[PDB]
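Working notes, structure below.
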Amino acid sequence: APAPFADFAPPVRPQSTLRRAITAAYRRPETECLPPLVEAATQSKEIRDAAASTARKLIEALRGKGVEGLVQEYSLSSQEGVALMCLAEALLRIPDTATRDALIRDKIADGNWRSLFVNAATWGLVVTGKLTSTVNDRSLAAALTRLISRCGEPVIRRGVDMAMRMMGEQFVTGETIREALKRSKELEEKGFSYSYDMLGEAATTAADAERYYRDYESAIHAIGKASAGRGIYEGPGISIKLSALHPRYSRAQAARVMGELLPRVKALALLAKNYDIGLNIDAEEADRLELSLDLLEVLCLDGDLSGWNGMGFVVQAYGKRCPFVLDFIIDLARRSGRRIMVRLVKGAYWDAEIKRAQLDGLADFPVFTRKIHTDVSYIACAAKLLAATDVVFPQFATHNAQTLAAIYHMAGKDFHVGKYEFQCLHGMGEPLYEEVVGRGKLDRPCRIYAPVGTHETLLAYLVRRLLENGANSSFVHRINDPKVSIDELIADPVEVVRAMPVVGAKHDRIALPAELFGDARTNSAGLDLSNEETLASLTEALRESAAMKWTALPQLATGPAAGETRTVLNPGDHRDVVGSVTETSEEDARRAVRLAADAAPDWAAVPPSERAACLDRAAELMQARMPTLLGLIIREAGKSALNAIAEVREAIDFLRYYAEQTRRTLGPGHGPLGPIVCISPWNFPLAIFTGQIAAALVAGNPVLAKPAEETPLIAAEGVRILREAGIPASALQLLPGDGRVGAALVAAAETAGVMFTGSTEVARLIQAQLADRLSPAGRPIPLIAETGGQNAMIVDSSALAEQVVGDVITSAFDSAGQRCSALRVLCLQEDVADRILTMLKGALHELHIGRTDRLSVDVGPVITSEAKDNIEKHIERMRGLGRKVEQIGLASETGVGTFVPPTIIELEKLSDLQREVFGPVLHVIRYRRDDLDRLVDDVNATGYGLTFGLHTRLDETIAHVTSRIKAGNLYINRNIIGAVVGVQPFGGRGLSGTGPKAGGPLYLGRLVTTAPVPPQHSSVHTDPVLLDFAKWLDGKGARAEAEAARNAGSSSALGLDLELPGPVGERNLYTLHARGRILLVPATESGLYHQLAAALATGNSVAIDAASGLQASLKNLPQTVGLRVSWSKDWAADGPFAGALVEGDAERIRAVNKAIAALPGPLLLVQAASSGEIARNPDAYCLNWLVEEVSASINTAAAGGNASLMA
Ligand SMILES: Cc1cc2nc3c(=O)[nH]c(=O)nc-3n(C[C@H](O)[C@H](O)[C@H](O)COP(=O)(O)OP(=O)(O)OC[C@H]3O[C@@H](n4cnc5c(N)ncnc54)[C@H](O)[C@@H]3O)c2cc1C
Ligand SMILES: NC(=O)c1ccc[n+]([C@@H]2O[C@H](COP(=O)([O-])OP(=O)(O)OC[C@H]3O[C@@H](n4cnc5c(N)ncnc54)[C@H](O)[C@@H]3O)[C@@H](O)[C@H]2O)c1
Ligand SMILES: O=C(O)[C@@H]1CCCO1
Ligand SMILES: [Mg+2]
């Protein structure tokens, strides 16, 4: 049995002094990076003046020398131009040129012309220079009809010829490498050279990686044949992306990268060596930089590649590590004797790096945040390169004439071909470099980066270009802006930075990850698993955590209690004993509730701000102890390191969010319920456990904490931390054990409320036990019950398959599918289903399943043998019905634990599924586009309503689907497992939950006897049926009830529509809707009128108990109100309901509550009042619990860029 964490994340090699200097700079504060760059980039006054003259001369030449002309000639609006180019693109997909021309002439031009507008975001950038994440396809369809009806065939022909020029000649150098080489003759004769890129990146499967390899290999042959001995400086070369060549290119898979990716790069390099051409490794995301250095090191030390100086490597000047990376590379060049070709660039992934660091809660960004800082960094790094031209070959890639001029003069008057060169991108830099290359200009060579491929393979690269072209900060954008003077364009960034008040200050309008929520609270901090210092320190902390004697005991107010004790075994290896749990006797569970009741007044008397300070102190302790907490979660609950970071971060965020919500709301009149029983699931064993307890405690209630029997150790540590933070032992008691302990707690006489997260079936048993119970005030015991899901994602033919597959693999198989939010049913539009399914199965087989104490493990075990047996029986039944089943093969080492292999099951109908299957099992169905609305019905028809995902680029489809789906958490163009506290308030409806949402603003109000007004909780909307009903009441003479109705209409927050603060590149929305049909059980006419006002003011329909005998009280209702009202004799026949309102004395409420609990389907949030309370208290029925919260998270970077960060 291997020692825990002894092989967690060993580095590829021992980190040298130079490598450690790189890692030290990874996220260094921007004010510390800039001063040495300013000093390195400083040049003499004479050179600065000379460079400004050269830059002015270049810019004047640029400004002094076809889509806009098409827009002008045919008077096209912006949308008409975009729509026309989408049509032209689609027409060009027809190969037979006469067949296309006849479709144009006879069918398109004459009238009624996969959505035509799938790529409109790209054409929008071409036409308008602005980026939209999604496409208004109804606007584009109207615009195309208008322009064709106005201008006919001529405008279509002009669009086709314009698209053909841009797509065949401007976006790519050629469709094939042979085409690109033939077209390179012209500029090679004028002094340019080329580096060809077979478009391709981010391989999803082994098959994709092999396709990109053979693309590269065939291009090396063609380029080498064409080079015909010109060598690495005067002849052409190739550029490659490491992410194209392996589907798991990441630090977490470093062993596979060195064992599988490295030999592939070596084979390509050997072929480049034989032809003597350059082979450049492009630079990609920040978390791949240092990994790529390990490949560079091995290749440059490999004797089989000796004699060849064509190996090249990009370094990104927008990165904080750039000068230290250059020190490492220059030293490697000296050690190896290879003259490494070093392409200095600014960087292509800036928007994505900002979003990623914010999402991961890291200490700082790995890139600069002011564009001028990247400019200074570039010039400083150029000075370093120009001092080492004997050992490296610098390649200065830039379109910025000021940057170019600065380097041209920095390099001085001595030049020979091979000393250094400039570089530019095809279709962007030729105007500038035609003023540079050649004896009549500056006589310096330029290498053109030449993309090669078809329109399909071109998307991602193209959008990075178009964003670059349209960004306000870009030289190529500003050169075209008439409001930008030449003097502004030649301003020296080095001197501009030197003169700023704080050299290197972070951008004013970009939040550090810790500051995403501003003054409200501090964001939880994560850990960078790509940082070698972090991995080394985490390895030691994880090993030390495995040496600790973790225990969980019954912790009563009076001290620990005795009980039956057993070991807790690692689910991924039952030989690894994690700790010991002593479980609670049912006698002691009852004693704990009595002690809680006795301690309730003392805890309620602690003022809310001091209760909140306890939560904040506990969050600080959890943040500080995160490495140790990670180790426990990994071993007790089968979580990977990434899963466990997210778990601890979530717990910190609950603590701080409920603390701040308390400070915003709770006062003396918001009295506590009393002892609250908190029952929690195994699968989020710290986060959900902490959240329920923290909310109940901070609302002034003493808590009985009953963790899942599977995961008591991390729960005990959470309680220990909360007690250390100041929660008195009498206010927070830990009762480990199984469902018998939970049931004994729920049944205890002094239990004043229950917070339950777990399976729907268990929630239903708790509902049943509470149905016969009333508070001393004669009201129902509040239950929050957050339950299972049957979560779907719908994917149409406009989605990007590579994005879909990544979000599907994560959503379905993260934590072995043991997330309540996990993707259970993937719904694929029929026309793209085969291609996406094939990619999904390929991605499935790249997952590593095993004991989770290794960074390389993607998917861990299931929690118990019973869970495994339950999941496997579902798979084998599906297999026995004839469904296609795909499964990863598991390594023999999984035999010591309880593992289920990630599984894909292809279903015929969505009704093939009954209940939630809580494991790594993805079901797939296909649909025809015209049946989309029916499909949404089928998804709704399960009765669940937790998470839901949609991948589409089409606004019409977003508006349709999101308006019809009934789920609590929606996700657009991203994974569906997001639950960031206060950003995606989390919780569903129907079989998935009663509400209110955890991590949302209505939560604390359920835990007090009088709910406060939540922050931002109001709406100016008034339900119109409520208004009609209030007028009807006035017509009937019920003046007091009509006034109460109007007041309910105003007080309702139905229609609240908020955007919540969060990371860039995301919109996170929070809205309040009707719940659905509310069951009304009135006793009196006036009670009925008040119940109906409450339900209508919150947008609901109603079913009214016919046994009330109150039918004569609703004579001659307006039709608008009548449409919302039904009478029910058999309640169980007319559901499902979404809540209930009850009127009566205590025994009537008890009897009705029992009848309601017996209704099939969802747990109902029931509110009860006596006739007298309805008369006395306008809030007898609380409108908070008659609306439904919906959270929607939209990935606005999904088109490949961030429009907000463009401006
Ligand atoms: C031949 C060639 C090859 C290239 N290869 C790669 C590569 O392998 N990997 C890669 O990542 N890039 C690469 N690039 C760079 C990238 O694709 C862009 O072309 C380049 O960053 C634009 O820089 P510039 O000097 O032309 O223009 P500029 O207008 O001078 O500079 C724009 C750049 O500033 C940076 N920037 C913008 N806003 C901010 C901000 N708020 N804070 C900090 N920085 C900011 C970005 O890097 C942006 O691209 C390459 C460029 C060329 C010409
Ligand atoms: N809606 C959400 O936010 C959410 C979040 C996480 C998990 N879940 C759901 O949780 C489930 C998985 O967690 P689980 O397997 O630990 O759930 P579970 O229903 O098996 O157990 C949950 C808790 O209830 C206790 N319990 C069992 N029987 C009881 C009884 N008769 N009376 C009182 N308490 C009893 C258990 O001991 C445990 O602490 C899944 O169905 C998942 O979808 C929902
Ligand atoms: O892929 C990109 O966008 C950059 C530019 C060229 C290579 O790396
Ligand atoms: Mg269970």
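Here the sequence shown stands for residues 14 to 78, 83 to 130, 138 to 1231, where the numbers follow the deposited numbering. Heads up, the beta-carbon is just placed ideally off N, CA and C, and yes, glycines get one too.
Item	Value
Rounded straight-line distance, which links the Cα of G1159 to that of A1182	12 angstroms
Rounded Cβ spacing between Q447 and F420 (contact assumed at less than 8 angstroms)	7 angstroms
Closer than 6 angstroms: residues whose CB approaches a heavy atom of ligand 3	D306, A372, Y473, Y485, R488
Complete alpha helix (DSSP H) runs within the region 1093-1158 (minimum length 4 residues, chain order)	1109-1121, 1143-1146
Distance between beta carbons of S1043 and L1096, contact taken as under 8 angstroms	7 angstroms
Alpha-carbon to alpha-carbon, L1112 and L959	37 angstroms
Minimum C-alpha distance to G906 - residue among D936, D877, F708	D936
N-terminal and C-terminal residue of the beta strand (DSSP E) that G830 is part of	No beta strand (DSSP E) holds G830; the alpha helix (DSSP H) holding it covers 825-837.
Terminal residues of the alpha helix (DSSP H) in which residue 1253 lies	Since the first residue shown for the chain is 14 and the last is 1231, residue 1253 is missing from the structure and cannot be characterised.
Validate contact between the region 803-820 and the region 773-786 using beta carbons, cut 8 angstroms, 3 pairs	yes
For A1216, the three-state DSSP class (helix, strand or coil)	strand
Boundaries (first-last residue) of the alpha helix (DSSP H) holding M102	95-109
Uninterrupted alpha helix (DSSP H) stretches inside the region 932-976 (no shorter than 4 residues)	956-965
Proximal residues to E258 (C-beta, below 7 angstroms), its chain only, five neighbours per side dropped	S217, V441
Stretch pair the region 944-962 + the region 120-128: three plus CB contacts closer than 8 angstroms	no
C-beta atoms of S1215 and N1092 nearer than 9 angstroms	yes
Three-state secondary structure assigned by DSSP to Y237	helix
Closest residue to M335 among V369, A296, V150, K1178 (Cα-Cα distance)	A296
Per DSSP, the bridge partner or partners of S219	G261, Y473
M817 (DSSP reduced to helix, strand or coil)	strand
Those residues which DSSP pairs with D1081 across a bridge	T1095
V786 CB to nearest heavy atom of ligand 4 below 8 angstroms	yes
Sheet register partners of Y995 (DSSP bridge)	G973, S1217
CB of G1079 within 9 angstroms of CB of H1045, strictly	yes
CB-CB length for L871 against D882, believed under 8 angstroms	5 angstroms
Reference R122, options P692, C175, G86, closest by Cα	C175
Contact test: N707 Cβ vs ligand 2 heavy atom, cutoff 8 angstroms	yes
C-alpha distance - residue 133 paired with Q96, whole-angstrom precision	Between 130 and 138 the numbering of the chain has a gap, and residue 133 falls inside it, with no coordinates.
Proximity to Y432 [Cα-Cα], best of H450, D414, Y457	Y457
Option in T888, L1057, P260, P804 with minimal Cα separation from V1145	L1057
Distance between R649 and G655 (C-alpha atoms, nearest Å)	10 angstroms
Residues that DSSP places opposite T575 in a beta bridge	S604
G691 versus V527: straight-line alpha-carbon distance, rounded	46 angstroms
Check whether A1003 and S845 have beta carbons under 9 angstroms apart	yes
Strand pairing of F446, partner residues [DSSP]	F420, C470
First through last residue of the alpha helix (DSSP H) which encompasses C702	Where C702 is concerned, there is no enclosing alpha helix (DSSP H), although the beta strand (DSSP E) it sits in stretches over 700-703.
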